[PDB]
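Asks: One structure, pasted below without further comment.
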Amino acid sequence: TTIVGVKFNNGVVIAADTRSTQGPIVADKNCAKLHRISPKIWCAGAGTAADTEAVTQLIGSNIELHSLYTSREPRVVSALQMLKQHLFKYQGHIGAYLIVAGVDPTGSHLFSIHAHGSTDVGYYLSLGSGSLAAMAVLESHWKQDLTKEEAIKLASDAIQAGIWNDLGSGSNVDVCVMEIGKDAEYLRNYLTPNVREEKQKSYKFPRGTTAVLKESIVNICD
Amino acid sequence: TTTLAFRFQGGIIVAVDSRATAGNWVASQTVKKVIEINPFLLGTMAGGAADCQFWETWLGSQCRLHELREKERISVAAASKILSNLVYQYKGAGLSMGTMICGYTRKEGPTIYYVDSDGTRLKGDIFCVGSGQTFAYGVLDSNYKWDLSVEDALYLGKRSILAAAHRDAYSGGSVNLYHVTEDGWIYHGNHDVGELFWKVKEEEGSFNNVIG
Amino acid sequence: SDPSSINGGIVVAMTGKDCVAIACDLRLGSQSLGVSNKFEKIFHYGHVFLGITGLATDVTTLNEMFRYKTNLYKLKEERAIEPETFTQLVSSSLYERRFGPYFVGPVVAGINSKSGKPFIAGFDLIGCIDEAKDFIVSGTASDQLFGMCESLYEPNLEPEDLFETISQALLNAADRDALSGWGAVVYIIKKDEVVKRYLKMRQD
Amino acid sequence: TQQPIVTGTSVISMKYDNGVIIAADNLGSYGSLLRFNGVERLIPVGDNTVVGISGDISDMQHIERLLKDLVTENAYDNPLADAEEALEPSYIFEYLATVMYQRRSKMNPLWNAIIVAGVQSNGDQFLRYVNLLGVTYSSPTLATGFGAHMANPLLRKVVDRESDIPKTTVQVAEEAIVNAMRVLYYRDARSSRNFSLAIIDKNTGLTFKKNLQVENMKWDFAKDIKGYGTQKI
Amino acid sequence: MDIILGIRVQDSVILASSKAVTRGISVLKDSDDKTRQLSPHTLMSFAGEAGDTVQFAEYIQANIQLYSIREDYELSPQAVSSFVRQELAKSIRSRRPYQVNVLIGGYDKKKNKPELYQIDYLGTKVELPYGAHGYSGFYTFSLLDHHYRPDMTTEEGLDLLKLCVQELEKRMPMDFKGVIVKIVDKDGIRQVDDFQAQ
Amino acid sequence: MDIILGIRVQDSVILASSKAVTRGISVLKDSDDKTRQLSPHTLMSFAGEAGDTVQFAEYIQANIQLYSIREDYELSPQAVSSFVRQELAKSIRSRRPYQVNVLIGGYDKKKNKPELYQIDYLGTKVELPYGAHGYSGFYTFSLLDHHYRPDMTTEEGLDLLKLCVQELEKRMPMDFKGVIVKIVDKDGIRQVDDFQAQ
Amino acid sequence: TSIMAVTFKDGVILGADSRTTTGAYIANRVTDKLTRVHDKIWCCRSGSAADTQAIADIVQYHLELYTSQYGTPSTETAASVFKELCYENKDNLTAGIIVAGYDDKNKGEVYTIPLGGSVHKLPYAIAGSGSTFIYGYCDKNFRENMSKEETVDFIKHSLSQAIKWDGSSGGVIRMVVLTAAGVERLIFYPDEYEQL
Amino acid sequence: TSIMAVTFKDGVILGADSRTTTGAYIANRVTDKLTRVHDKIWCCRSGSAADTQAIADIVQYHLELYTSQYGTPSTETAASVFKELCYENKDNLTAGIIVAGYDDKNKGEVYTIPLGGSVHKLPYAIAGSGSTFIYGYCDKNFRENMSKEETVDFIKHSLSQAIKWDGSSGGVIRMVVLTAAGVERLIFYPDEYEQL
Amino acid sequence: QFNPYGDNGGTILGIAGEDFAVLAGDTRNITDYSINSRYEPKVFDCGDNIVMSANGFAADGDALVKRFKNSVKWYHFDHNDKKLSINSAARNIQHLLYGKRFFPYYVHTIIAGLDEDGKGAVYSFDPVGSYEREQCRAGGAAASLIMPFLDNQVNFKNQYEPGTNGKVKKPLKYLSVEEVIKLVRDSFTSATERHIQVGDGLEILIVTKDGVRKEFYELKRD
Ligand SMILES: Cc1ccccc1CNC(=O)[C@H](Cc1ccncc1)NC(=O)[C@H](CC(=O)NCC(C)(C)C)NC(=O)C(=O)c1c[nH]c2ccccc12
Ligand SMILES: [Mg+2]
Ligand SMILES: [Mg+2]
Ligand SMILES: [Mg+2]
Ligand SMILES: [Mg+2]
């Protein structure tokens, strides 16, 4: 997995690759790794995939209830505090490593969270196996006061470095842009530089190739 | 792996499966588990494939060397003992083999020796060896008689390997069949389990655990 | 002695043109010993199909659990559960046991009775959803199944063609795994009708 | 059975149109102590080859002694020792790869990752890696340790395949190397600000640069960072 | 290693269970009955860990008898075997699991069919024409695969088991001191108390 | 576990050895003669690790036969056992020790006395009226402590032995498939071919 | 990590490097290790980042509740709250904290809480993996009652030596100045402190 | 153990504490850690006492034989013999040695051979468990071409700090001065150096 | 503790035709989650119209190929330039492998050429020297992905004649070089899709009664 977060002058962007693995086998060639906590707080995870998902939904649930209760827009520091206290209580056993980003009435925010429950604040971050390849690109090209366009490009190049150079990462680039102005824009399959080439042959079988022992119609209703 | 050999009225029946496994991975379904040492001598293979292949091929060399030296074919007793003594040198190093040496000589008659990597060497009338041994034993022992015709004995051999091929996850592929006489092994063909199972079910009325 | 390996078992599911297919082997073993030739790994709650590989006791228990839960769903909602929804129920039920998991590889297959579109899903033992639309594989021959499917599959196969593709994928994967095989059943699922077929295969 | 004691981090390298570039910092670490600061980890052999070594420094010093003995020994009874029968990069490499693999096979490895860089007598670039396992490979870009994770991705953005190599100048290649050394100093806890760099060009020969430093570092953005989540001041 | 065998013929189920009880270097008993009657038409046989074995059987027995008296009705073999399965499947994840394997042989009077269920300590249940637990299955499964027919009489079933026992007395390392054989049919449960020296 | 018994009566030594060879879950053979004749008036029985057992026996046999031919004379039982003990005592400290326990029964022609030696794999030697290796001694030593008399005939000894084998068949957890019985006296070694139903 | 707190004439200064590592990878090069638990009570954290963040947060909460009920807490009181948490949970925690605070009655104070959860009031304290390398230097150069410019230099020099020898230390040097005046944040860059 | 060697204008000086421990017990409070292997080539030993003595004895034998055949060995030659023994036997040795020597040509030289068996030429070196505490101090206070008295002061101050913080260091500070003069043994007692 | 072994990835595939053989392998070389090189051949012309690959731990792979090529050299010296036939090469490689029975070469090895009668031949080995001649074989990391596909598409396993009720098997026929190469490319694009250690490039060696021919195809680089 490669996930990044990049702060630009009017907001924050997150990007991720789209390969999930079972050991050395690619299970899903195009899974979405960008999860939503609330409309304008988005989240990318690495580590145990069931954990990043579940922790995101649980905190997302509680954030919504909080927002209804308080009549206020959810704040990123709230997702952070809820996430870190939950993760900490579980002493690492919930293997969720997250880059959390969003905009709220107090501005734009970028954080990372580790499985044991530590957090850091940054202008640019990366997590996952492709983390080092991504950071190499970020440390080479990041600057203060990036524009929305420059930030989308930087984040995308960094995920790409992951796709090419990290074996645990591949396929496509998903992006989400959160600007202090408007809505968040989720940009599914922003890049698709890994299309399976046309096969050399069809493997469609002549009907009746497979030997059958016995057959029956299965009933559904009542 | 399942291998067997038994003595009866009309010589020796030798039957083996042909599956190679590495863990739960089926490495091959068409492997040769009998080595034709000379026209009167057979060796079977179970355990480590390399260990078996290598040392029984080596055994053939030693048997041939005996023929040139003594101007006579090696006995079953002596051939088995060469392999037995070699394997004993290596004891505890982790060789893994279960083996039968089957043959005919004038002096001995038809003879079966079981040899394994622990160093055990036994002369006997009936042996099943490999992960499928108990399954082969179940059918073989319950239908065995000294006076079985050649035709029936070859069938019992074939059917015992099929039994083990069916129940043991680590056995299967095909049956390779041999008959050893005074004159002296004769090959009785390769029998693919894919066809043999259905053929035997139909003709015999057995395998009633199997649906369809 | 790893629980996902004691019993053996494979399940594969595929989408085609306005249809889904889900297939499984019939073996129930204990290590090397084949025990039963008739152990089916596919179940169905209304028009929703669930295939389960792994530890057989958990396979039985999960089916009995999802029968239970979908019965109650049907009673309160006054309609049958849909595939997208059942997938979420499977996921959260498995995550509920995060630290003492069921040792299973569940697979969901069905057509949405409202939108009419084919749906398949896979899970790991703690409920992480694999959301592939082409195919989903599970069990001790999963590696082999991945290889068969990636090579043999193409999108938009008619029910009769999809039958051949999924059957051949299953059969050839099973024959390269010691703990799978001993029979197979294929469900062809079309909105309107479902055909169940027993395959003829190597019995070793 | 053994374990590295005093160690030296990444060695990074790439091919350009007319030769090869290789660099390594000047640090010998003692676990997490940055113990020694004037350590040369680039070793010229003759004047067509530079051997770059990471890992255990005592083993590095042993490999130095071997390479010097190799030059002496090649010169013996050899009137073409500075011409047609001079040591070639490929000879130096195969030799080390033999040593490395023999030592791992005896369960007594030289605890190193090595990159041999140079130019053959037919003008061809030579770039090859060997390590403590005797694993060997070649690529338009090679890096050891952290360099493999962070330098390669940046270097590969310049030379992604064989056909990118006529297209790459000395200046662009050196620029990319120097930048990658900066990134390593940002993110590698065992790296140093000071490094050596060597260019082996088919026309220029050997240029060995010592006492280079990482420059143009970005640190100003640090001042805006407060706390670890909620803290404002 | 305790022999627990089951064979379902056309009109009955036959259970054969080894008589030996061995601790360490001593055979303590040569006449143990590894069987509890669960109801007039349902019999259970068991093998496994020394204490767990009888405690489980008797706990199951008490529960089924309770059900009978509460409803004045006999549960079907299918119903009994589902109860047993769930109990074992609960046990496997508790603090100390019952280490017990079972065969359940019953005659279903509503269907007029004999039924044989095999369930291991994990709660793995399956219905079979013949079954076994432990090592003995490694011999008998292949044997029965050959000699078994779906429509055998009870007398043919008993000849089939004789073959199974004989094979085990030839190839099994341990002395299990013969078997106790019991038949479950339409009439109930009786003991062929003359199998060991027949 | 491998039954190895010896008893010394007044005019003979009787060796009895179990006939089973068991590997894993299968009895591979039920007619195994766990014995080698070392010289016309000395017999050795053995039990232990699978390969070592026969290899040691045959090696010893070779050495005694070599002595006999070199000297044209038969070593006394005491001498053979001393030589056997030495070999085992060297073995225990070598790279891979022979894991073999033996009994040695001889008729000494120079003294006109039967002699029974028990030697374990460590090279522990003792001359005994009766002996056993393995678990079998846990039954037979006490039985013979009760039943044995120093003035018994060969027929009395065979009865005493029958009693030992009955007890082991009754109490031992393993099926050892009966015994091969050999008598050593002045007229040499002979096998009692009838014991499984004498 | 290299952390330190130094009492002086007008109060106390806290200083830290900015490097966080996992193994040999610098996970964060611009970390802020100076943690506010009250207006003029700050701490430095070493050990498990999770454990020290969870602790500092609980302490922040405790002092906020204290202030609402009882007025500003003293630095000792803040140190006592840290100690209760570290001592009572010592088995589950890898936490080494230096507490520092300014107060009008007490002026500048420094308390160190090492691993076991013992408390020690000191004129200055040093902790983290980097601190081993500067025991000699600091013991030789510290004086009581230094001026603000002198203490900054003492911390600047000490931390730059720690950074030079400890691989787990590095980045920028951060300081917090705590006096009657207020709270002042300082930062010093590699090009500045490497020269010293 | 705290050991060091420092080059200066006229030669080289070696210093060491005199404490040897087994656990927390001081087995010897007056050890002589400064070992002569040739007239003007000395070393300080750290690690296993058995190992370093056995090594120093073998080196002394090699240098005596060297002197018989070829004349005075250079300090580099001494250091190379130590390395050979330490490198080639790295798997049964726990030895860290500092070699210090004077000859007329090369003047004063220092080599350090840490655990791995690597060799490092340095203007000054510090080793032993006590040295970790004085990396900051030594780096800040060492200058090249110091006078005898300045160097004596630098070692005295450095080792007094190493002694102050390291439990495995202590006793008396011994020194050997190596110049053209001359070999000079110096000793300093706790009552002097603690008051620094 | 020193681990004398590692894993370099990589997959290899060998198919025998009637009068030709192919041996294919990807050109990627990996360590853990990193890529060492995108083009590092692991299939070799060994002389005498024999090609070889030993895939797994590359250092053991190269050692073995080197040692075998040296056998071929010495076979010529000692037996008057006699051609080393494929069956003899196989046997020889068994002794090379079994010689290290107690410290094995961690490679799955495949050789391909033509037999005495000019029929295509493929021999494959386990790490310790066990061998068999086969019509086809996949080895290395994606072996379990490709082997079943070959059983189905080379030996027509599980395929029946339509309408025969699964009573008549699909008849076995030799495939052409064009059809074999199609299966090879398709096998590798499949393996590349689903295995993270497989990709970058494909090199195929084809052997006929005129020498050894080479073909190269780009593979996906993620
Ligand atoms: C006696 C016989 C003779 C000829 C043919 C088949 C048989 C039946 N026997 C088997 O099938 C055994 C089963 C067994 C497995 C593990 N233990 C003991 C027994 N398999 C093996 O010995 C396999 C054989 C294999 O995979 N051969 C490759 C080939 C010739 C089928 C292409 N090798 C391997 O699994 C193997 O080499 C290894 C697998 N992983 C390894 C890691 C390091 C070193 C070696 C190996
Ligand atoms: Mg089978
Ligand atoms: Mg002290
Ligand atoms: Mg030839
Ligand atoms: Mg790939």
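Chain identifiers are assigned as A, B, and so on, following the order in which chains appear in the structure tokens; residues are numbered from 1 within each chain, and ligands are numbered from 1 in order of appearance.
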Write out as number ranges by chain the residues lying within 10 Å of residue 10 (chain B), counting only C-alpha atoms and excluding same-chain residues fewer than 2 positions away.
Replies: B: 7-8, 12-13, 110, 146-150, 153, 179-182
Asks: Residues as selected, N, CA and C atoms, written as an mmCIF file, in the first residue's frame, can you do that?
Replies:
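This is the output file part-v4.cif:
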data_model
loop_
_atom_site.group_PDB
_atom_site.id
_atom_site.type_symbol
_atom_site.label_atom_id
_atom_site.label_comp_id
_atom_site.auth_asym_id
_atom_site.auth_seq_id
_atom_site.Cartn_x
_atom_site.Cartn_y
_atom_site.Cartn_z
ATOM 1 N N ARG B 7 3.361 -61.750 -2.199
ATOM 2 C CA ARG B 7 3.618 -63.076 -2.741
ATOM 3 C C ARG B 7 2.338 -63.895 -2.761
ATOM 4 N N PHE B 8 2.169 -64.669 -3.828
ATOM 5 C CA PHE B 8 1.035 -65.577 -3.954
ATOM 6 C C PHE B 8 1.443 -66.786 -4.800
ATOM 7 N N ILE B 12 4.779 -62.765 -7.563
ATOM 8 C CA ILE B 12 4.661 -61.492 -6.850
ATOM 9 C C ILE B 12 3.885 -60.470 -7.670
ATOM 10 N N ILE B 13 2.965 -59.777 -7.003
ATOM 11 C CA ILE B 13 2.299 -58.616 -7.581
ATOM 12 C C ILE B 13 2.901 -57.368 -6.956
ATOM 13 N N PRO B 110 10.468 -66.491 -5.306
ATOM 14 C CA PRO B 110 10.017 -65.097 -5.279
ATOM 15 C C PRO B 110 10.182 -64.515 -3.867
ATOM 16 N N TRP B 146 -3.635 -67.020 -0.645
ATOM 17 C CA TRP B 146 -2.457 -67.526 -1.346
ATOM 18 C C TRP B 146 -2.763 -68.008 -2.781
ATOM 19 N N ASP B 147 -3.952 -68.570 -2.994
ATOM 20 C CA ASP B 147 -4.270 -69.292 -4.237
ATOM 21 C C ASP B 147 -4.953 -68.462 -5.313
ATOM 22 N N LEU B 148 -4.933 -67.145 -5.154
ATOM 23 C CA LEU B 148 -5.516 -66.257 -6.148
ATOM 24 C C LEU B 148 -4.896 -66.494 -7.517
ATOM 25 N N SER B 149 -5.730 -66.582 -8.542
ATOM 26 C CA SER B 149 -5.224 -66.626 -9.907
ATOM 27 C C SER B 149 -4.383 -65.374 -10.186
ATOM 28 N N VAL B 150 -3.502 -65.456 -11.180
ATOM 29 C CA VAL B 150 -2.734 -64.299 -11.638
ATOM 30 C C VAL B 150 -3.666 -63.123 -11.946
ATOM 31 N N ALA B 153 -5.090 -61.621 -8.729
ATOM 32 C CA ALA B 153 -4.035 -61.029 -7.923
ATOM 33 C C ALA B 153 -3.631 -59.682 -8.498
ATOM 34 N N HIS B 179 3.954 -57.790 -12.498
ATOM 35 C CA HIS B 179 3.892 -59.180 -12.087
ATOM 36 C C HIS B 179 5.298 -59.741 -12.188
ATOM 37 N N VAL B 180 5.767 -60.376 -11.123
ATOM 38 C CA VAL B 180 7.103 -60.956 -11.138
ATOM 39 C C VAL B 180 7.027 -62.478 -11.081
ATOM 40 N N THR B 181 7.564 -63.118 -12.120
ATOM 41 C CA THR B 181 7.624 -64.577 -12.193
ATOM 42 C C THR B 181 9.045 -65.131 -12.229
ATOM 43 N N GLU B 182 9.114 -66.446 -12.025
ATOM 44 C CA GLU B 182 10.247 -67.314 -12.371
ATOM 45 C C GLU B 182 11.013 -66.859 -13.625
#
Asks: Give me, as a ChimeraX atom specification, all polymer residues having an atom no more than 10 Å from region 98-109 of chain B, counting only C-alpha atoms and skipping those fewer than 6 positions away in the same chain.
Replies: /B:1,3-7,11-14,33-35,37-48,52,56,73-77,79-81,83-84,115-118,120-123,127-130,179-185
Asks: Just want the residues within 6 Å of ligand 1, written as a VMD selection string, counting only C-alpha atoms and all ligand atoms.
Replies: (chain B and resid 1 20 to 22 27 to 28 31 33 45 to 50 52 to 53) or (chain I and resid 104 124 to 128 130 to 132)
Asks: Please extract the residues at most 8 Å from ligand 2, counting only C-alpha atoms and all ligand atoms, and provide them as number ranges by chain, using the chain letters and residue numbers of this document.
Replies: B: 164-173; C: 178, 203-204
Asks: Which of region 56-159 of chain D end up as strand (DSSP E) when DSSP is run on this backbone - answer as a list in words?
Replies: residues 56, 112, 113, 114, 115, 116, 117, 118, 119, 125, 126, 127, 128, 129, 130, 131, 136, 137, 141, 142 and 143 of chain D
Asks: Take the residues from that selection and write them out as a short mmCIF file (atom, residue, chain, number, x, y, z; two decimals), in the first residue's frame, keeping N, CA, C and O atoms.
Replies:
data_model
loop_
_atom_site.label_atom_id
_atom_site.label_comp_id
_atom_site.auth_asym_id
_atom_site.auth_seq_id
_atom_site.Cartn_x
_atom_site.Cartn_y
_atom_site.Cartn_z
N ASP D 56 29.25 -4.03 7.23
CA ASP D 56 30.35 -4.11 8.21
C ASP D 56 31.68 -3.50 7.69
O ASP D 56 32.19 -3.90 6.65
N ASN D 112 28.42 -7.60 3.88
CA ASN D 112 28.42 -6.43 3.01
C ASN D 112 27.43 -6.49 1.87
O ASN D 112 26.96 -7.56 1.47
N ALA D 113 27.10 -5.30 1.38
CA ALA D 113 26.45 -5.13 0.09
C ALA D 113 27.37 -4.25 -0.77
O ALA D 113 27.80 -3.18 -0.34
N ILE D 114 27.71 -4.74 -1.95
CA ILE D 114 28.76 -4.14 -2.76
C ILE D 114 28.24 -3.76 -4.14
O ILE D 114 27.50 -4.53 -4.75
N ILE D 115 28.63 -2.59 -4.63
CA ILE D 115 28.34 -2.20 -6.00
C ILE D 115 29.65 -1.91 -6.71
O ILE D 115 30.45 -1.08 -6.25
N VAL D 116 29.86 -2.62 -7.81
CA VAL D 116 31.01 -2.39 -8.67
C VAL D 116 30.55 -1.55 -9.84
O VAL D 116 29.64 -1.92 -10.58
N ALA D 117 31.20 -0.40 -10.00
CA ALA D 117 30.90 0.52 -11.08
C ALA D 117 32.15 0.79 -11.91
O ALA D 117 33.25 0.90 -11.36
N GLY D 118 31.98 0.88 -13.22
CA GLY D 118 33.09 1.24 -14.08
C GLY D 118 32.77 1.15 -15.56
O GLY D 118 31.62 0.98 -15.95
N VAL D 119 33.82 1.27 -16.37
CA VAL D 119 33.72 1.22 -17.82
C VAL D 119 34.67 0.14 -18.31
O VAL D 119 35.84 0.10 -17.91
N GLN D 125 29.50 0.56 -20.25
CA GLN D 125 29.28 0.78 -18.82
C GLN D 125 29.11 -0.56 -18.10
O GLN D 125 28.49 -1.49 -18.63
N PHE D 126 29.68 -0.66 -16.90
CA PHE D 126 29.51 -1.83 -16.05
C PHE D 126 28.95 -1.41 -14.69
O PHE D 126 29.56 -0.60 -13.98
N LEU D 127 27.80 -1.97 -14.34
CA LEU D 127 27.20 -1.69 -13.05
C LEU D 127 26.59 -2.96 -12.48
O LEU D 127 25.61 -3.48 -13.03
N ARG D 128 27.16 -3.45 -11.38
CA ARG D 128 26.68 -4.70 -10.80
C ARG D 128 26.80 -4.75 -9.27
O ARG D 128 27.68 -4.11 -8.67
N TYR D 129 25.87 -5.49 -8.66
CA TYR D 129 25.72 -5.60 -7.22
C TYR D 129 25.99 -7.03 -6.79
O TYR D 129 25.57 -7.97 -7.47
N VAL D 130 26.69 -7.18 -5.67
CA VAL D 130 26.78 -8.46 -4.96
C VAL D 130 26.62 -8.22 -3.45
O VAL D 130 27.00 -7.17 -2.94
N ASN D 131 26.05 -9.19 -2.73
CA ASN D 131 25.92 -9.07 -1.28
C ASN D 131 26.36 -10.30 -0.48
O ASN D 131 26.88 -11.26 -1.04
N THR D 136 23.56 -11.59 -6.95
CA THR D 136 24.10 -10.62 -7.87
C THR D 136 23.02 -10.17 -8.84
O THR D 136 22.20 -10.98 -9.28
N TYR D 137 23.02 -8.88 -9.16
CA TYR D 137 22.14 -8.34 -10.19
C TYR D 137 22.67 -7.04 -10.78
O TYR D 137 23.50 -6.36 -10.17
N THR D 141 20.11 1.45 -12.53
CA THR D 141 20.34 2.08 -11.22
C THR D 141 20.49 0.99 -10.16
O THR D 141 19.77 0.00 -10.17
N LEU D 142 21.44 1.19 -9.25
CA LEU D 142 21.64 0.25 -8.15
C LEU D 142 21.86 1.02 -6.88
O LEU D 142 22.53 2.06 -6.89
N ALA D 143 21.30 0.50 -5.79
CA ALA D 143 21.47 1.10 -4.48
C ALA D 143 21.39 0.03 -3.40
O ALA D 143 20.74 -0.99 -3.59
#
Asks: Using only C-alpha atoms, find which residues of chain C lie within 10 Å of chain B and jot them down as a PyMOL selection string.
Replies: chain C and resi 5+8+26+29-38+140-141+144+174-183+198-204
Asks: Can you list every residue in region 56-134 of chain C that DSSP puts in helix (DSSP H, G or I), as a ChimeraX atom specification?
Replies: /C:56-77,83-95
Asks: Please find the residues contacting ligand 4 at a distance of at most 8 Å between atoms, with only C-alpha atoms and all ligand atoms counted, and report them as a PyMOL selection string.
Replies: chain I and resi 83-89
Asks: Grab the residues selected above and save them as a PDB file, in the first residue's frame with N, CA and C atoms.
Replies:
ATOM      1  N   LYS I  83      28.137 -34.782 -28.201  1.00  0.00           N
ATOM      2  CA  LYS I  83      26.984 -33.994 -27.778  1.00  0.00           C
ATOM      3  C   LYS I  83      26.381 -34.608 -26.510  1.00  0.00           C
ATOM      4  N   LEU I  84      26.135 -33.763 -25.508  1.00  0.00           N
ATOM      5  CA  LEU I  84      25.452 -34.172 -24.288  1.00  0.00           C
ATOM      6  C   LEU I  84      23.953 -34.131 -24.523  1.00  0.00           C
ATOM      7  N   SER I  85      23.328 -35.296 -24.606  1.00  0.00           N
ATOM      8  CA  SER I  85      21.904 -35.367 -24.872  1.00  0.00           C
ATOM      9  C   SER I  85      21.104 -34.942 -23.644  1.00  0.00           C
ATOM     10  N   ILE I  86      19.841 -34.588 -23.865  1.00  0.00           N
ATOM     11  CA  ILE I  86      18.970 -34.067 -22.815  1.00  0.00           C
ATOM     12  C   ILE I  86      18.753 -35.015 -21.615  1.00  0.00           C
ATOM     13  N   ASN I  87      18.619 -36.316 -21.867  1.00  0.00           N
ATOM     14  CA  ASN I  87      18.412 -37.289 -20.783  1.00  0.00           C
ATOM     15  C   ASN I  87      19.652 -37.404 -19.895  1.00  0.00           C
ATOM     16  N   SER I  88      20.820 -37.289 -20.529  1.00  0.00           N
ATOM     17  CA  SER I  88      22.099 -37.325 -19.845  1.00  0.00           C
ATOM     18  C   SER I  88      22.309 -36.056 -19.021  1.00  0.00           C
ATOM     19  N   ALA I  89      21.949 -34.902 -19.596  1.00  0.00           N
ATOM     20  CA  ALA I  89      21.962 -33.632 -18.871  1.00  0.00           C
ATOM     21  C   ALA I  89      21.080 -33.710 -17.627  1.00  0.00           C
TER      22      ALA I  89
END
Asks: Restrict the distance test to only C-alpha atoms, flag each residue of chain C within 8 Å of chain E, and return the flagged residues as a ChimeraX atom specification.
Replies: /C:33,36,39,56-57,60-61
Asks: Mind listing the residues within 12 Å of ligand 5, only C-alpha atoms and all ligand atoms counted, as a ChimeraX atom specification?
Replies: /A:19,21,24-27,29,163-171,194,196 /I:9-11,26-30,33,35,38,141-142,188-201,219-222
Asks: Please indicate the distance in Å from CA of residue 32 (chain B) to CA of residue 59 (chain B), rounded to one decimal place.
Replies: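 The value is 16.3 Å.
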Asks: Show me, as a tab-separated table, the residues of chain H having an atom within 6 Å of ligand 3, each with the closest atom pair and its distance in Å, using only C-alpha atoms and all ligand atoms.
Replies:
residue	atom	partner	partner_atom_place_in_ligand_line	distance
H:163	CA	ligand 3	1 (Mg)	4.0
H:164	CA	ligand 3	1 (Mg)	5.0
H:165	CA	ligand 3	1 (Mg)	5.9
H:166	CA	ligand 3	1 (Mg)	4.7
H:167	CA	ligand 3	1 (Mg)	4.2
H:168	CA	ligand 3	1 (Mg)	5.9
H:169	CA	ligand 3	1 (Mg)	4.3
H:170	CA	ligand 3	1 (Mg)	4.3
